[PDB]
Amino acid sequence: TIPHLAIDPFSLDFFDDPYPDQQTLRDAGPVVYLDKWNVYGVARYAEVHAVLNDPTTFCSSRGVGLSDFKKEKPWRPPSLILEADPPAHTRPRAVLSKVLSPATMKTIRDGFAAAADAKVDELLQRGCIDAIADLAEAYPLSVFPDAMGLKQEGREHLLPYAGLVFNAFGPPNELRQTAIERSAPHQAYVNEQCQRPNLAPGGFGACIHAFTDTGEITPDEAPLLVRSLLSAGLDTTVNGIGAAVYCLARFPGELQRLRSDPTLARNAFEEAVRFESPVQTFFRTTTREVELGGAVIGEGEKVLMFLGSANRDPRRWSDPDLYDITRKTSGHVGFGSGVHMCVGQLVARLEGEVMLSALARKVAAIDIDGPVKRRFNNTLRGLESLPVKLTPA
Ligand code: HEM
Ligand SMILES: O=C(O)c1ccc(F)cc1
Ligand SMILES: [Cl-]
């Protein structure tokens, strides 16, 4: 009753062009079985959304990667928020929510926006640039580590550590094995910067340590919550901003619409998150026998959610393969859905919005003028290099 597919959604060929295989997954049925890794898969919007919104049945405390924490030791101490279920999840979530709250965005917006404008001005002086290294990477690196309160020394560890983290959610393939093999120096840096004395005052990190006296978290919980922001807060935005630039580069009609109304910047980034889904996948583990779209999944089974596929499901979206900066994007799962829905989505949108705003006001055309190279990662979708010529407005 449940179709079995040999598709490896973590192979390089899949990363190179996932969309045909994603339609195959959606159309095979609401619940598939991936023989390659012995996990269930859900690729339609309806089933992804249902699984995300039943944390009791599809839990996260046994890991949101392939590995089942009840069977294997996690490669690092479990995340106190990502890899926790209610009620243990509730109070750590509340703290990060306040640390990254609407009121906090107001304190950093002017600095984030100034840095966004300043980078686009700098890029326009060079003309031909790499929209990944020189923009998608350089901008988040110029605002986020500082907003965290990190010292200058050792920041080169941040992107490699993040790549390690997202590769580690994947199966024990060469991408994962090789990342873990090189991890030691990056883990040492990150763990050390999570200690209270190493986080500058007023930053995200210090604000986390400052919440240890409310009874929501204890002092020994703060370092791991800082580790969460250093895991999830940088590499995701690099791929989100790179996706937006890529879309604008591929769809000049939409760059022209954005230039004509720069207040479309925030939705243009949201549509970019739906269209490329930088975070492609996450796992859950069944805590009991469950019926999901006619399939009977037993207890203790891994369920792979195709977030990027759900965001392109024609059962949910009109013209899903078209980048539309005026699309009503509410409901996309690029940030997840439910109790675990990205707690840092206000930071991501702020970064994305003020960068697209700078582009909308300062750039007339974005033309690819070099070989595009993809960056392969078991969980993240994005580009290694995106040579573009920026024409000033
Ligand atoms: C384009 C940018 C981003 C994308 C696409 C993204 C994606 C996601 C997704 C899909 C989840 C759900 C995980 C799950 O359901 O198991 C999530 C959770 C999370 N994100 Fe983001 N993220 C982004 C940026 C950020 C930023 C900027 C931060 C912090 C500054 C952050 C921190 C977190 C944390 C801590 C969680 C765990 C929340 C929880 O378990 O309750 N992310 N993110
Ligand atoms: O360490 C965490 O808590 C975390 C890591 C990755 C991610 F996408 C979200 C949260
Ligand atoms: Cl670590």
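Numbers here are sequence positions counted from 1. Quick note: numbers below take in every heavy atom, side chains included, and nothing from hydrogens, waters or symmetry partners.
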As a quick check of understanding, evaluate side-chain contact (heavy atoms from CB on, under 4.5 Å) for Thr379 and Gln280, giving each step before the final call.
CA-CA 6 Å; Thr379 306; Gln280 286 271 300; 5.6 Å; no
Given 3.5 Å as the limit, does a donor-acceptor pair link the side chain of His49 with the main chain of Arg44, or not?
no
Minimal heavy-atom distance between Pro140 and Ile241, with the atoms involved, is CG-CD1, 3.8 Å
side-chain contact (heavy atoms from CB on, under 4.5 Å) evaluation trace for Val226 with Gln193:
CA-CA 8 Å; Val226 179; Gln193 315 310 315; over 6 Å; no
Residue pair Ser67 / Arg176, side-chain donor-acceptor N/O under 3.5 Å:
no
Are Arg109 and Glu353 ion-paired here, with the side-chain N under 4.0 Å from a carboxylate O?
yes
Considering the options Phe10, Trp75, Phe283, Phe282, which one meets the ring-ring contact (aromatic ring centres under 6.0 Å, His included) requirement together with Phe169?
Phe282
Output field: ring centroids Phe275/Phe251 closer than 6.0 Å:
yes
Quick check: does any side chain N or O of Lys119 sit under 3.5 Å from a backbone N or O of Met355, one acting as donor and the other as acceptor?
no
So how far is it from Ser309 OG to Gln23 CD, rounded to the nearest 0.5 Å?
9.5 Å
Under 3.5 Å: donor-acceptor pair, side chain of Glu271, backbone of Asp324:
yes
Taking the side chain as every heavy atom from C-beta outward, state whether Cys247 and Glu254 have any atom pair closer than 4.5 Å.
no
Would you please test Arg375 and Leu383 for side-chain contact (heavy atoms from CB on, under 4.5 Å) and show each step?
CA-CA 5 Å; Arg375 173 177 297 169; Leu383 295 182; 5.8 Å; no
Taking everything shown except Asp110 itself, do over 12 heavy atoms lie less than 6.0 Å from its CG?
no
Looking at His209 and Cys194, would you say the former's side chain and the latter's main chain have a donor-acceptor pair under 3.5 Å?
yes
With a 4.0 Å cut-off on N to O distance, would you call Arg91 and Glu221 a salt bridge?
no
Give a yes or no on whether a salt bridge exists between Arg250 and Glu276, defined as a side-chain N under 4.0 angstrom from a carboxylate O.
yes
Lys/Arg-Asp/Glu bridge criterion (N-O < 4.0 Å) met for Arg62, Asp68:
yes
More than 12 non-hydrogen atoms from neighbouring residues, nucleotides or ligands closer than 6.0 Å to CZ on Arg315, yes or no?
yes
Side chains of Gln187 and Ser183, donor plus acceptor under 3.5 Å:
yes
Quick one: do the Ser228 and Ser231 side chains pair a donor with an acceptor below 3.5 Å?
no
Could you tell me whether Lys362 atom NZ has more than 12 heavy atoms of other residues or ligands within 6.0 Å of it?
yes
Would you say the side-chain atoms of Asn267 pair up with the backbone N or O of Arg327, donor to acceptor, closer than 3.5 Å?
yes
Classify the angle between the aromatic ring planes of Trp317 and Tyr45 as parallel (below 30°), tilted (30 to 60°) or perpendicular (above 60°).
perpendicular
Just by distance, do the side chain of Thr286 and the backbone of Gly300 share a donor-acceptor pair under 3.5 Å?
yes
Backbone N or O of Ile81 within a donor-acceptor pair of the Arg93 side chain at under 3.5 Å?
no
Carboxylate-amine/guanidinium contact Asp117 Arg361, below 4.0 Å
yes
In terms of side-chain heavy atoms, does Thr218 have a donor or acceptor partner in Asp220 at a distance below 3.5 Å?
yes
Which one of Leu292, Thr287, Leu52, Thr285 satisfies the side-chain contact (heavy atoms from CB on, under 4.5 Å) criterion with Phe58?
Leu292
N/O donor-acceptor pair under 3.5 Å between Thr178 side chain and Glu174 backbone:
yes
Is it true that, when you exclude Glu156 itself, more than 12 heavy atoms of the residues, nucleotides or ligands shown sit nearer than 6.0 Å to its CD?
yes
Spacing of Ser97 atom OG and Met341 atom CE [to the nearest 0.5 Å]:
12.0 Å
Check for a donor-acceptor pair, side chain of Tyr139 on one end and backbone N or O of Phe112 on the other, with a separation under 3.5 Å.
yes
